[PDB]
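Novice: What follows is a single structure, and I will ask about it in a moment.
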Amino acid sequence: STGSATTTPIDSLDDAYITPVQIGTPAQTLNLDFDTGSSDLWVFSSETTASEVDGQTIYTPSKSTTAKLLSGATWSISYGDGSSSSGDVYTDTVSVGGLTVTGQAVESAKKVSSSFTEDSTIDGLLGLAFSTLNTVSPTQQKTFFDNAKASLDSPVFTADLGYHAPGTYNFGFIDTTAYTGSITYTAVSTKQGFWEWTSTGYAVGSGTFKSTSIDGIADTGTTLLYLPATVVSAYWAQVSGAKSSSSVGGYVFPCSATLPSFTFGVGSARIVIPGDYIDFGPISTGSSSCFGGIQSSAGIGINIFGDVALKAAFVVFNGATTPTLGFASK
């Protein structure tokens, strides 16, 4: 089998992307944030504290003839941005772009933190990291991809995120019309549960490529590109007036600037992020200070190839027995 679904930016900055997902019988369609950095499929629901729902579409398990309470199971997750959610668990039928999994764990939120409430466009998350990170207790549950894998034509999914435009998540096949040149595959460590790989270096604008190993994760659920402070300083030093602002929480730059591109290495191949992809707009409405899309990872503990980097590429998440990642230009 295969599946193919369009993913759409939630706002004019590409802060996140939502993908429609069918849950239950009859189908209830919710718009989920596909997150290769986590491993829980959780939804706003009829069980979510009413004051914490503000415009999201909710899953109502009592209206699904295929929903079954997973008795005793609870979940609770905290994300790198400080947000969190928790609740109980149902199994139900879940379909993405025509690919159907029966018996998928659907984690129903009883509580969500303010950032989720305040984002009316995201109805939940669909985790695509490794199932070892799934938070359901006492019986850990599998991701949608893990449950689908055996049925797929090939044990892969691909992320093709757009810049200020829709893109595609495919399951079970590689669309050879969706990229240019060849796909370069690179090794993955699953020891931390992530799609963790090692970039071979970077360049800033038209500058020379610096060969240096940068370990990080391919994370569709993180907006920006988080890299070591040395790399990030070298980037912003090429933008007149750019500075790191403790009060804003990162590098800012004059909105009048033209940003240089940023290149990252995948083996001997190179992915070029155009400068415009690194502009996240005014820090507050009407400000002439703009927020940068490349930020230091020094306070995170891990480097994160988030959407800013991934949207410049066609990305293969290869879930074969030994997983690997593939990157192509597009």
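Chain A is numbered as in Swiss-Prot, which gives 90-419 for the residues shown.
Every residue, even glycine, has its Cβ placed from backbone N, Cα and C.
Taken from Swiss-Prot, the feature domain 'Peptidase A1' applies to 106-417. Residues or ranges marked as active site in Swiss-Prot: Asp124, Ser288. Under the heading disulfide bond, Swiss-Prot lists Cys344-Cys379.
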Novice: Could you say which of the disulfide-bonded residues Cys344, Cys379 has its Cβ with the most other Cβ atoms inside 10 Å?
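Specialist: The largest 10 Å Cβ neighbour count belongs to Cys379.
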Novice: From the recorded positions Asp124, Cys344, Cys379, pick the residue whose C-alpha lies nearest to the C-alpha of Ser288 (active site).
Specialist: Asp124
Novice: Sequence gap of 6 or more, C-beta under 8 Å: which same-chain residues meet both conditions with respect to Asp124 (active site)?
Specialist: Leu214, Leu215, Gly216, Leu217, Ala218, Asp308, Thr309, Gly310
Novice: If you draw a 10 Å sphere around the Cβ of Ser288 (active site), how many other Cβ atoms fall inside it, taking every protein chain shown into account?
Specialist: 22
